[PDB]
Amino acid sequence: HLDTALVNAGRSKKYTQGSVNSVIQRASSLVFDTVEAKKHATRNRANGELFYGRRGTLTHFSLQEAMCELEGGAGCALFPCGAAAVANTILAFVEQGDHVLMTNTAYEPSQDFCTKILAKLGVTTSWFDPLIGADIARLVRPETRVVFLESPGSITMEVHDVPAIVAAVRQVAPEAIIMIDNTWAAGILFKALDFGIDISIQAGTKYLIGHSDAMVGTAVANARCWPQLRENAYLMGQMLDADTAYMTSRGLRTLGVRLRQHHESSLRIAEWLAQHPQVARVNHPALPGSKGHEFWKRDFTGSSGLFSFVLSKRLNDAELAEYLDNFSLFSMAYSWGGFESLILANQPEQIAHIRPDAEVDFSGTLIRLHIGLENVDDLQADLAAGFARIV
Amino acid sequence: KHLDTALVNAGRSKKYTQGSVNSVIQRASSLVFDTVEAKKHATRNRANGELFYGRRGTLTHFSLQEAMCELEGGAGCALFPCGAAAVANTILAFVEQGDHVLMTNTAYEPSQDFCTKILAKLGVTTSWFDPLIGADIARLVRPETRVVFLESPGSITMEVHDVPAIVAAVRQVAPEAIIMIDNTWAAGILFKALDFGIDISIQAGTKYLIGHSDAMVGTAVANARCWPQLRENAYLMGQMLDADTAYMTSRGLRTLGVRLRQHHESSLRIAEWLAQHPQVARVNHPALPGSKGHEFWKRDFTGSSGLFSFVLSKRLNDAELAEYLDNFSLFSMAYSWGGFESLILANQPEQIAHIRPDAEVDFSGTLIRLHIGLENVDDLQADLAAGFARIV
Ligand SMILES: [Cl-]
Ligand SMILES: [Cl-]
Ligand SMILES: [Cl-]
Ligand SMILES: [Cl-]
């Protein structure tokens, strides 16, 4: 069962050496006792033998083993943050002339990587609606090489129909590299590699770490794509420091108890918001009526704590400040996936600007919440006080 | 005023240290905005030293960036998870499809491999030059040459560029070229690259900045002209350094003086002895007279580090290689360098020839690269002497 796997994944004796957790091996240089030992390490430098710190130490090997088991992949590449994982995993599979097909609900830095970096390297990008399902077939070009998913979407939380998207992509381009940003699910609430996706990318920064105090990107690839991902990310010098690798493994151990609380609390708050006269719409994958909710219920095994809702009106700048500045428990900050609750606002035109090939369908101010581990009645009380300030 | 005082103090402003000697370690992704106005101010200054997002940095990163900018005389310092990431992403930040990169053929092998295995498929071509080409590099600059990549001394074989001659030649034919250098051997301070008209000085902080072989970090200090593009394009690739390693890099600066002076004295003494040794055909140490580009090192550097190489009087067969390398008492076989301990590695001539693109090597003996650590220099010499005894 998954809770037993979260506790045990990666904690083999060769990495833990008697402690419960892996050792922390801090290292650039790794010492070869003999020429024959150096030859053996050289041959196995991509297969978990100590060779060089850029390839990893015992601590990295342990985390890689854990992520491969939890996400069901053949290998796991480590990056200094989620944006690095997205950028470098896409880059590992394109050449000049290739085309990228990305959901227009992709995390904004992911879009910006395509339009600002890939574009000047001769790699084009086009977009698709997250609910496009099987109609994505007509958007696959002869030169399309990567299809990039993100389910639920960033900020607006639309859930893909991945079985329909994958089936349609494979009909037109069987050898396409299908990737997903699986951060919201922490890679475990949606088993992407079981759905025909080639690579599952996460900002471990969010729920894997779970305490908002470390940054880490991971990419777990199937056997078909792992050697190319591994070697091309390595050619860009991509790695994670040993101590953060340790903290990522450590975060796995409480991921189950944390996510169950994030799910329980955020769904309760979402249900209350959906009955609220000052709320026009609630974008929570687990709430019935939300875009792609039926796909979430069929394809996911749980929910995390991040969602959004649209207010009944567009706040003016004075109301936005009166609303946001005076919360007692919710804090304004970027990122999410930690133990504390956060709030951020976007006006409709701010979302429209980052929805290429699409138009927004709401006019109220959008509020994105991360529901942390605080008492749910206290968080509700905080939100209710905010509603009172803008009524 | 002097460098040792700067190494002790660089980056240790009270806003970062907050009462302790060293900067605080601020571990964060989320950084909290008290008000909408505060978020607006942070957003405007997210590339200007104001707390905004962990990917941009915390106080710990700002402290290190301030120190690197001061020590290397730059306008900004980008941070990367290792030196190879700094090289790959600093080159990538300036190239576009159709561009050409002109790189010394003595570049660090992973830097070459990035050019030929990543850049090539992105429509960016790379060609090479001999490290001693000097002013004759002009004829190699193409209309599409965007980056000129130096590494002085070179990897393994330690040839020192004539940077003034190279830079003047490039500027004459392509003044808008981005001139970069991998300045790792100098720890960015023994050769003040940005004072020589180089645009960006890159370092594997992994080596002498960290100084204990237990953290990986890359840095790239850019001049005012190139800093905004380096910064924003490295950021779009998600390049950053964890807060704790940033702290350890700043911490390493504090002993960088006493360490480098010991590495210099010990390695030059060993090089001088190797140069008199009948079992040694050539000593590649930038500080040793007669070494390739030594006169440029003496004119343009202010010190030496502890990494160098020498060529044996013969090519060792595989049995001799094991007998030699396996039985050292103090020197250890490992990659990397710049730590407190001494290391040894061997390369056959054809191995080096393979990583000298469009070029041949000019020696036939087995090449031995040494990093001279902080051990007693007489002990290290005796260890080498015992090694010579095994292959005589
Ligand atoms: Cl195909
Ligand atoms: Cl965010
Ligand atoms: Cl020019
Ligand atoms: Cl090395």
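FYI, side chains are in, hydrogens and waters are out, and symmetry mates aren't considered; it's all heavy atoms of this structure. Protein chains get the first letters and strands the later ones, always in sequence-line order, with residue 1 at the start of each.
- Considering only heavy atoms from C-beta on, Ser29(B) comes within 4.5 Å of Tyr53(B) through its side chain.
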Between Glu66(B) and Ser13(B), does a side-chain hydrogen bond (donor to acceptor under 3.5 Å, both in side chains) hold up when you go through it step by step? CA-CA 9 Å; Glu66(B) 169 173 296; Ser13(B) 306; 2.6 Å; yes
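- Atom CD1 of residue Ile201(A) and atom OG of residue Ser110(A) lie 8.0 Å apart, to the nearest 0.5 angstrom.
- Rounding to the nearest 0.5 Å gives a distance of 11.0 Å between CG of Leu229(A) and CG of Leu91(A).
- Scanning all heavy atoms of the two residues, the minimum distance from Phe52(B) to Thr43(B) falls at CE1-OG1, 3.3 Å.
- Under a 3.5 Å cut-off, the side chain of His160(A) and the backbone N or O of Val162(A) do not form any donor-acceptor pair.
- Taking both residues in full, the closest heavy atoms of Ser63(B) and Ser23(B) are given as OG-CB, 3.7 Å, listed atom of the first, atom of the second, then distance.
- For residues 197-219 of chain A, the set of pairs meeting the ring-ring contact (aromatic ring centres under 6.0 Å, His included) definition, not counting sequence neighbours, comprises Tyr207(A)-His262(A), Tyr207(A)-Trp336(A), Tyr207(A)-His370(A), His211(A)-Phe339(A).
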Could you pull out every donor-acceptor pair under 3.5 Å between side chains of residues 176-193 of chain A and any protein atom, sequence neighbours left out?
residue   : atom : partner   : partner atom : Å
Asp181(A) : OD1  : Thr183(A) : N            : 3.2
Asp181(A) : OD1  : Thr183(A) : OG1          : 2.7
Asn182(A) : ND2  : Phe190(A) : O            : 2.9
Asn182(A) : ND2  : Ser200(A) : OG           : 3.2
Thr183(A) : OG1  : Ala203(A) : N            : 2.8
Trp184(A) : NE1  : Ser304(A) : OG           : 3.2
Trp184(A) : NE1  : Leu306(A) : O            : 2.9
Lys191(A) : NZ   : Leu70(A)  : O            : 3.2

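- Of the N and O atoms on the side chains of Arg55(B) and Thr205(A), not one donor lies less than 3.5 Å from an acceptor on the other residue.
- Pairs of residues two or more places apart, or lying in two chains, that qualify as salt bridge (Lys or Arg N to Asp or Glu O under 4.0 Å) and include a residue from residues 133-145 of chain A are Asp135(A)-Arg138(A).
- Ion pair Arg27(B)/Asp243(A) not flagged as a salt bridge, since none of the NZ, NE, NH1 or NH2 atoms sits closer than 4.0 Å to an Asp/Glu carboxylate oxygen.
- Closest approach of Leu64(B) to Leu241(B), counting heavy atoms only: CD2-CD2, 4.2 Å.
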Let's go through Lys116(A) and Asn233(B) carefully: what are the C-alpha distance in whole Å and the side-chain angles of both, what is the deciding distance for side chain to side chain contact (heavy atoms under 4.5 Å, CB included) to 0.1 Å, and is it a yes or a no? CA-CA 8 Å; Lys116(A) 298 183 196 302; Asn233(B) 285 350; 5.8 Å; no
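- In terms of the salt bridge (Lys or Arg N to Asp or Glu O under 4.0 Å) criterion, residue partners of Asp377(A) (sequence neighbours excluded) are, by chain and number, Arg268(A).
- Across all their heavy atoms, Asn326(A) and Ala321(A) have their closest contact at ND2-O, 4.2 Å.
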Under 3.5 Å donor-acceptor pairs involving side-chain atoms of residues 81-88 of chain A, not counting sequence neighbours:
residue  : atom : partner   : partner atom : Å
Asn88(A) : ND2  : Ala84(A)  : O            : 3.1
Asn88(A) : ND2  : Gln238(A) : OE1          : 3.4

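- No side-chain heavy atom of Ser266(A) sits less than 4.5 Å from a side-chain heavy atom of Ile269(A).
- Nearest heavy-atom pair, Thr60(B) versus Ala243(B), reported as atom, atom and distance to 0.1 Å: CG2-O, 3.3 Å.
- Residues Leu366(A) and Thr156(A) meet the side-chain proximity criterion, which asks for heavy atoms closer than 4.5 Å.
- For the residue pair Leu315(A) and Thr365(A), the shortest heavy atom distance occurs at N-OG1, 2.8 Å.
- Here salt bridge (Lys or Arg N to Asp or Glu O under 4.0 Å) pairs that include residues 294-307 of chain A, with residues two or more places apart or in two chains, are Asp161(A)-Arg298(A).
- Note on residues 226-236 of chain B: pairs passing salt bridge (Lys or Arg N to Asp or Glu O under 4.0 Å), not counting sequence neighbours, are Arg56(B)-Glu232(B).
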Would you give me the side-chain donor-acceptor pairs under 3.5 Å for residues 381-391 of chain A, sequence neighbours excluded?
residue   : atom : partner   : partner atom : Å
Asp382(A) : OD1  : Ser328(A) : N            : 2.9
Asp382(A) : OD2  : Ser328(A) : N            : 3.3
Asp382(A) : OD2  : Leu329(A) : N            : 2.7
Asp382(A) : OD2  : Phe330(A) : N            : 3.0
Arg389(A) : NE   : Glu322(A) : O            : 2.9
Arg389(A) : NH1  : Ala385(A) : O            : 3.4
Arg389(A) : NH2  : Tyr323(A) : O            : 2.8

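- Residues passing the salt bridge (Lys or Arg N to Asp or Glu O under 4.0 Å) test with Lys40(B), sequence neighbours excluded: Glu37(B).
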Please walk me through it: do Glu374(A) and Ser341(A) pass side-chain hydrogen bond (donor to acceptor under 3.5 Å, both in side chains)? CA-CA 7 Å; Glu374(A) 305 97 333; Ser341(A) 301; 2.5 Å; yes
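- Applying the salt bridge (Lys or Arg N to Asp or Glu O under 4.0 Å) definition to pairs two or more places apart or across chains, those involving residues 312-321 of chain A are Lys313(A)-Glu319(A), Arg314(A)-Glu349(A).
- Contacts of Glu108(A) classified as salt bridge (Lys or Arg N to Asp or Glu O under 4.0 Å), with partners at least two apart in sequence or in another chain: none.
- The salt bridge (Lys or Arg N to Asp or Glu O under 4.0 Å) test applied to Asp3(A) returns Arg260(A), not counting sequence neighbours.
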